[PDB]
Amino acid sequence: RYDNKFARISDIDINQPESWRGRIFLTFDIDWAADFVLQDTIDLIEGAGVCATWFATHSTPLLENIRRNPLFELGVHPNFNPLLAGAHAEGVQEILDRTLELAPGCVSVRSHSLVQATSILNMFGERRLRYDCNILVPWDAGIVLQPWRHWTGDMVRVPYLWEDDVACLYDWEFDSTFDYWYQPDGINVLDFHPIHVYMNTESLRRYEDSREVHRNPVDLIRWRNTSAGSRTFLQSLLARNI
């Protein structure tokens, strides 16, 4: 149903454009959020009653909440940054295999910091991942987006067009009265972080200033932006589209 606007990444059927065209795919890069922060984001999406895909960074009992919910897909968020940062004892394989232990049998992946390479995608495919979510093409680039077949692993590359922290870096609006990014004729994948939904981030300086409080369940709420930000953007998007 057209009215079923929200979908999971694994609902994309590359052979059937009806499975993605004009639809919205809410995705969440967990990024090591404390449990109270992740729980708040889960509660917000569960309250809307929509589908969503969650990319896991670490082990937490809240992953079981995500697994249970039939509207939610659990994927992985492997962190290969230490490989790029300087000398290291391991490669991609060890890190990927460890991350996959968080969601055995999953099919969707987005790399922390969008770390990607031909060999990385080859290794994703060997491990039976089917959807790569690592290409970010901005909604304002003038490009109508569509997922496409990768040349190996029967993988599908799924490009995404909006991200909360990226919106801060590009100075995109959090308080527009319409879905400026929306493509009725393309795929619409958005990426949110629980930390920014929790603090209603409108500037990364709020995020940086509050660093010491990000895991403090008593004080963090005091840093929530009361103007427009990531949280109010998500809340409006949900209200307008359910």
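Don't overthink the numbering: it's just position in the shown sequence, from 1.
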{"property": "Chain thirds of CA B-factor: placement of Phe28", "result": "lowest"}
{"property": "Where the record places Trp172 (Cα B-factor, split into thirds across the chain)", "result": "highest"}
{"property": "For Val37, the third of its chain into which the C-alpha B factor falls", "result": "lowest"}
{"property": "Cα B factor band for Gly229 (lowest, middle or highest third within the chain)", "result": "middle"}
{"property": "Ranked C-alpha temperature factor of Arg206 among modelled chain residues, by third", "result": "middle"}
